[PDB]
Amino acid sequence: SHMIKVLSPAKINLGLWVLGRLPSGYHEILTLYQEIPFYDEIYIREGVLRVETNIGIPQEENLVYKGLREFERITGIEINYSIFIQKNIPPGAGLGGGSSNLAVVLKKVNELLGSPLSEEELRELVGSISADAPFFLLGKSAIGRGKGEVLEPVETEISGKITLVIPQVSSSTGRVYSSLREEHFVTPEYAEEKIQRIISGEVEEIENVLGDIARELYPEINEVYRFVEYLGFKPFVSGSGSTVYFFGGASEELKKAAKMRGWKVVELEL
């Protein structure tokens, strides 16, 4: 008690471009975030600070725990909440699950404490831990510039069936960015034209160089990719992987292949 449930949504990258290297080790990118109706369910209860999951992430490693300790640090209040996260969104899937968890929990806890932090500061608190996290404070559809944190809400003409095929391999975002060569970079002009077209519903214009690389580093991502082609759909890769998505439904043949191979198939409707 007094236990509440809060849904924590996933996202997909509807295209991603890398502009270049930052001194910061990180990279400047352009991307289109899309919130998807695919959720972790998070149970929040009054009690000793605790962040648990159903899949065995250490408490000290969990972004939500990191975020709630920084909440105490920055604001002074001591957080008495017991967090359990049921993880439907797999880590390493390129769907921003941990960053969603972080954003939605810290926003909720903040409200529950009479709003000590402002939407600008809360954005700063979650944003420092994950460039993808601030997106989950706004949700829906947004252009992510900078490293992803500089966000511009947009209306897309994209709707209808979307299917995720998540292999049972966890892609390391860092290992994928670290395989970039100068030949993978594009000018911001090229990418801005591309994002415009995707926004207008031209899904064929989606591309993502981190998916190209993810498919070399993790052959199973490439297996899923090739299998979606075989099914007669154009496949796309979310984030740095591992998720491959397409705009259509899941056949029994895909469902068979996934069951045998250990892939998760998520059918969503945008």
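A residue's number is simply how far along the shown sequence it sits, counting from 1.
Look at the mean CA B-factor for 95-103 and for 68-76 in the entry; the higher one is 68-76.
The mean C-alpha temperature factor is higher for 42-50 when 42-50 and 233-241 are set side by side. Across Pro167, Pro90, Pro188, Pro153, the greatest Cα temperature factor reported in the deposited entry is at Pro153. Each of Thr163, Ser200, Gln86, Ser115 has a CA temperature factor in the record; the biggest one is found at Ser115. For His2, the recorded CA B-factor ranks within the highest third of the chain. Only modelled residues enter the ranking. Among the modelled residues of its chain, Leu137 has a C-alpha B-factor that falls in the middle third according to the deposited record. Annotation for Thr173: CA B-factor lies in the middle third of the chain's modelled residues. For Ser82, the recorded CA temperature factor ranks within the highest third of the chain's modelled residues. When the CA B factors of the chain's modelled residues are split into thirds, the value for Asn13 lands in the lowest one.
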